[PDB]
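First comes the structure, then the notes that go with it.
Numbers and lists here come from the model and the stated rules, or from a named source; nothing here is a laboratory result. No Cβ is skipped: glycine too gets one built from the backbone with ideal geometry, and neighbour counts run over all protein chains shown.
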Amino acid sequence: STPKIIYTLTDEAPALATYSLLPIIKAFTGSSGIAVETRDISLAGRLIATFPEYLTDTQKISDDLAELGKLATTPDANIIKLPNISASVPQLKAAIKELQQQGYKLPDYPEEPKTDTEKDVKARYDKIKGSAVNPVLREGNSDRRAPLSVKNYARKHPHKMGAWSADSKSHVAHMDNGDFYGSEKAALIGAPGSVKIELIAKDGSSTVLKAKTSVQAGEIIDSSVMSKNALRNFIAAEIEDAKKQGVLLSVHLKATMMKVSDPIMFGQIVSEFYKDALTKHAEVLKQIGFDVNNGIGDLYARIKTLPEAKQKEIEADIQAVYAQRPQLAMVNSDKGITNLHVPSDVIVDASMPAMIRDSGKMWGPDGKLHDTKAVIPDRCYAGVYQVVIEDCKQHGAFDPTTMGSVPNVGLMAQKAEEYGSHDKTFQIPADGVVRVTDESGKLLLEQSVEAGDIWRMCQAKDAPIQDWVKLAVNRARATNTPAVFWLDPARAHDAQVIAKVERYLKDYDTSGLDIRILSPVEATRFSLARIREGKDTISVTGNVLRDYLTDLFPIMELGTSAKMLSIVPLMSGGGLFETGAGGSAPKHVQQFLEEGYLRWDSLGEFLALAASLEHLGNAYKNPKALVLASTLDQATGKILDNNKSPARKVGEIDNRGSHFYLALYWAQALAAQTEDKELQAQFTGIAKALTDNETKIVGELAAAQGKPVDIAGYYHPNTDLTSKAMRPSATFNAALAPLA
Ligand SMILES: [Mn+2]
């Protein structure tokens, strides 16, 4: 019956931080009638939950991801979601190995299943790897923006911005035709039903690609195709031009999430770039099972089984290739790891803003920065980035001390658009035409295709879209800031969305508001003009642009996309608060294990918690929760103003130290506020204890630094050892003891 806040237990860095912060949260929220429950969505937990039949009664655990998904569609849900692993196969195997060493008899991951058991096992493991969590929890749209506190702090403490030259040779390179953008076709579903996706080959034959896909009334579905011939010709031409202009060739895709389309596109780029070597050694590469879609790094891993004489020859022919091609942007120049080694190394949402901020440059083989030709094949979003680059060439770097802000209202509920296209993406087996028909046999979408092409279909439902418009009007009204819908009338999909947006906007009183619809490129130019004059503009966009813009603007404005709000007003009425948009920082864990220092910044957790408390306070009419939220806002502001966030080496406060300061400031705020006497009385002694013991506590926390830390594991560490290491201050622990 007590109102609950679900706190996700995740992986690596945030997981460690949670052992320190969660106890604090529980202690501060207890007296206000709030309960905090955890749900395990860690890679290891999701693996264990999936194979109960291979486990002892005591090893089994509840399937918390499924539980959360159900919760996300309930009216009173209140979830705080921290960053987590979207596992690569290597991470998956590593986690499986660790668990087996711990006694969990999980089956091995079979990369090439040849038995009923292996096939069943691989299918299940495949649903666990990759971006498995977000699609389940995101049952609402996105309200992502940096808090005013963070913006104001950035304004006063400007981060470094690479200077821009009007002579910069950097730019985005995209196809002119033959891409998804140029072939998009859409249809508006009239009534409930389902569609069939079939390939009608030239040889007359027919192949069902996906027999059934349920569709709702008012749902928008669209098909598009990336032409293999056009992509290859585009790549070949850009390779030559990069070499001619003397710039680094870089590639910006979203391989981990766009698990079907992007690795294929990545592979086609790798194939054309290294064609002389790959063709020459075609037979032996097939023999060792080389998978070009997994990058050239896959070749280096698999050739280690061939005679040393062969490895030598192959590696030499690869070097001959590099001498004939333009230089590649590097992920790690010292180790010779290029942009083409691993598909998941360079991720477009973070890589493009990083490049734009750093003078439009990337690392070259020499370990220095150089201008670059950023390849983003498809035209749908490539233009947005080009506009930013041109803006910087003409106006110079952005000025964090005066620039405005561009928050985002994004459409993502129910795996909207590209995010739910994976099971409807197919590499075409043979020339023909793909047809999408409904149950009555009506032809909804028809696309001519060639063998090797990438065909895909996306879906966008009406309820998500109406809620998305509602959210946009809400934000515009709350901030009295102009809002712009980024929709391209030339795209069949966007055109269908525009029709809905124009209709739904009429469902609101927008009299004193400034709302408009512009194509992505026009929207970008409009927003950048306003941002440089210090004005704000709300970007209202689809799922992918939500992803891109919420990394892009925070990077320019704040120098980081790790300090902000990612509020998800669940369509069922609940609230989901994501603490961070990034990864779980494996490197932070490495430093912690090596020298007992955790540099993870929990600011996002503090921000999300305040939003969660406010949500609970309003939903349950709990006055104390609202006071807890207000005082936490103050404490978080002091963390920023008094510079109590983690440092980087050893000696200074780390993640644990920042949590102490949060507790200190929060308790002090609670003891001084005049809205709730019971909380004031209760936290007076707590504030005194933390205040009087600041030096002693900070010292005990610092004493836990400087030595190796062993928590008996990585993906599934011993909880007692981890808890001990993350809560080393007996004085701090004792100070919160009275809390109930
Ligand atoms: Mn992102």
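Residues in the stretch 533-582 that are over 23 Å from residue 461 (Cα atoms) and of a type in the set (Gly, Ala, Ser): 534, 559, 561, 562, 580, 581, 582. Within the stretch 2-39, the set of residues being part of a strand (DSSP E or B), aromatic (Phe, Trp, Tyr) and over 23 Å from the mean Cα position of the chain (by Cα) is empty.
Return a yes/no flag: does the stretch 290-298 have any residue that is in a helix (DSSP H, G or I), under 28 Å from the mean Cα position of the chain (by Cα), in the same structural domain as residue 373 (by CATH) and within 16 Å of the ligand (Cβ to nearest atom). Explain how you work it out, then say what you get.
Looking only at the stretch 290-298, we keep the residues that are in a helix (DSSP H, G or I), and these are 292-294, 297-298.
Applying the additional criterion that residues be under 28 Å from the mean Cα position of the chain (by Cα) yields 292-294, 297-298.
Cutting the leftovers down to in the same structural domain as residue 373 (by CATH) gives us 292-294, 297-298.
If we keep only those that are within 16 Å of the ligand (Cβ to nearest atom) as well, we get none.
Scanning the stretch 290-298 turns up no residue that is in a helix (DSSP H, G or I), under 28 Å from the mean Cα position of the chain (by Cα), in the same structural domain as residue 373 (by CATH) and within 16 Å of the ligand (Cβ to nearest atom).
How many residues are assigned to a helix (DSSP H, G or I) and among the charged types (D, E, K, R) if we restrict to the stretch 595-632? Write out each step before concluding.
Taking the stretch 595-632 and keeping what is assigned to a helix (DSSP H, G or I), we get 595, 603-619, 623-632.
Okay, now just the ones that are also among the charged types (D, E, K, R), so 595, 605, 614, 624.
Matching residues across the stretch 595-632 total 4.
Selection of the stretch 41-98 for residues being closer than 26 Å to residue 291 by Cβ, hydroxyl-bearing (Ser, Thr, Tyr) and under 22 Å from the mean Cα position of the chain (by Cα) yields 86, 88. Taking the stretch 661-674 only, how many residues are assigned to a helix (DSSP H, G or I) and over 17 Å from residue 685 (Cβ atoms)? Looking only at that region, the number is 2.
Please verify whether residue 531 is surrounded by fewer than 24 Cβ atoms within 10 Å (Cβ to Cβ), among the hydrophobic types (A, V, I, L, M, F, W, C), away from the ligand (no atom under 16 Å from the Cβ) and over 20 Å from residue 471 (Cα atoms), treating the condition exactly as stated.
For residue 531, the condition - surrounded by fewer than 24 Cβ atoms within 10 Å (Cβ to Cβ), among the hydrophobic types (A, V, I, L, M, F, W, C), away from the ligand (no atom under 16 Å from the Cβ) and over 20 Å from residue 471 (Cα atoms) - is met.
Could you check the stretch 388-420 and list, in sequence order, the residues that are more than 16 Å from residue 541 (Cα to Cα) and buried (at least 19 other Cβ atoms within 10 Å of the Cβ)? 388, 389, 391, 392, 398, 400, 403 - these are the residues of the stretch 388-420 that are more than 16 Å from residue 541 (Cα to Cα) and buried (at least 19 other Cβ atoms within 10 Å of the Cβ). When 598, 505 are checked against the criterion of being more than 16 Å from the ligand (Cβ to nearest atom) and either in contact (Cβ under 8 Å) with a residue 40 or more places away in the chain or crowded, with 24+ Cβ neighbours inside 10 Å (or both), 598 stands alone in meeting it.
Which condition does residue 360 not pass, out of (1) under 22 Å from the mean Cα position of the chain (by Cα); (2) more than 16 Å from the ligand (Cβ to nearest atom); (3) surrounded by 19 or more Cβ atoms within 10 Å (Cβ to Cβ), if it passes all the others? Among (1) under 22 Å from the mean Cα position of the chain (by Cα); (2) more than 16 Å from the ligand (Cβ to nearest atom); (3) surrounded by 19 or more Cβ atoms within 10 Å (Cβ to Cβ), residue 360 violates only (1).
So, of the residues in the stretch 550-573 that are away from the ligand (no atom under 15 Å from the Cβ) and touching an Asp or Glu at 6+ places or on another chain (Cβ under 6 Å), which turns out to be nearest to residue 716 (Cα to Cα)? That would be 567. Looking at 497, 521, 484, just one residue is under 18 Å from residue 380 (Cα atoms) and either touching a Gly at 6+ places or on another chain (Cβ under 7 Å) or outside the structural domain of residue 184 (by CATH) (or both), and that residue is 521.
When you look at residue 545, is it buried (at least 23 other Cβ atoms within 10 Å of the Cβ), away from the ligand (no atom under 16 Å from the Cβ) and over 16 Å from residue 17 (Cβ atoms), yes or no?
Working: buried (at least 23 other Cβ atoms within 10 Å of the Cβ): yes; away from the ligand (no atom under 16 Å from the Cβ): no; over 16 Å from residue 17 (Cβ atoms): yes.
The answer is no for residue 545.
Taking the stretch 678-713 as the range and being crowded, with 19+ Cβ neighbours inside 10 Å, in a helix (DSSP H, G or I) and among the small types (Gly, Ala, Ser) as the test, the residues that pass are 687, 689, 702. Close contacts from the stretch 268-293, counting a first residue that is touching a residue at least 24 places away in the same chain (Cβ under 8 Å) and a second that is part of a helix (DSSP H, G or I) and of a type in the set (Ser, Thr, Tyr), with Cβ to Cβ under 6 Å and a gap of 6+ residues or different chains, come to 292/271. Within the stretch 436-446, is even one residue surrounded by fewer than 21 Cβ atoms within 10 Å (Cβ to Cβ) and under 20 Å from residue 533 (Cβ atoms)? Looking for residues that are surrounded by fewer than 21 Cβ atoms within 10 Å (Cβ to Cβ) and under 20 Å from residue 533 (Cβ atoms), one finds none in the stretch 436-446, hence no.
Of the listed requirements (1) of a type outside the set (S, T, N, Q); (2) on the phi > 0 side of the Ramachandran plot; (3) in contact (Cβ under 8 Å) with a residue 60 or more places away in the chain, residue 103 misses just one: (3).
Given the criteria free of Cβ contacts under 8 Å to residues at least 24 places away in the same chain, loosely packed, with under 15 Cβ neighbours inside 10 Å and either on the phi < 0 side of the Ramachandran plot or of a type in the set (A, V, I, L, M, F, W, C) (or both), does residue 451 qualify? Walk me through how you get there before you give the answer.
Values: free of Cβ contacts under 8 Å to residues at least 24 places away in the same chain: no; loosely packed, with under 15 Cβ neighbours inside 10 Å: yes; either on the phi < 0 side of the Ramachandran plot or of a type in the set (A, V, I, L, M, F, W, C) (or both): yes.
Spelling it out, it is not the case that residue 451 is free of Cβ contacts under 8 Å to residues at least 24 places away in the same chain, loosely packed, with under 15 Cβ neighbours inside 10 Å and either on the phi < 0 side of the Ramachandran plot or of a type in the set (A, V, I, L, M, F, W, C) (or both).
Does residue 647 satisfy being in a helix (DSSP H, G or I) and not assigned by CATH to the domain that holds residue 157? Walk me through it before giving the result.
On the way: in a helix (DSSP H, G or I): no; not assigned by CATH to the domain that holds residue 157: yes.
Taking the combined requirement at face value, the residue does not satisfy it.
Annotation: residue 582 fulfils all but one of (1) in contact with a strand residue (DSSP E or B) (Cβ under 8 Å, 6 or more places away or on another chain); (2) within 16 Å of the ligand (Cβ to nearest atom); (3) not aliphatic (A, V, I, L, M); the unmet one is (1). Of everything listed in (1) in the same structural domain as residue 360 (by CATH); (2) within 27 Å of residue 666 (Cβ to Cβ), the single unmet condition for residue 598 is (1). For a quick check of your reading of the model, give me the residue pairs whose first member lies in the stretch 544-555 and is over 19 Å from residue 258 (Cα atoms), whose second is of a type in the set (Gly, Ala, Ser) and near the ligand (Cβ under 8 Å from one of its atoms), with beta-carbon atoms closer than 8 Å and at least 6 apart or on different chains. Once the first residue is over 19 Å from residue 258 (Cα atoms) and sits in the stretch 544-555, its partners that are of a type in the set (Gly, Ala, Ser) and near the ligand (Cβ under 8 Å from one of its atoms) give 554/561; 555/561. Listed by first and then second residue, the pairs with beta-carbon distance under 7 Å, at least 6 apart or on different chains, first residue in the stretch 329-354 and more than 26 Å from residue 390 (Cβ to Cβ) and within 16 Å of the ligand (Cβ to nearest atom), second of a type in the set (A, V, I, L, M, F, W, C) and not in a strand (DSSP E or B), are 344/255.
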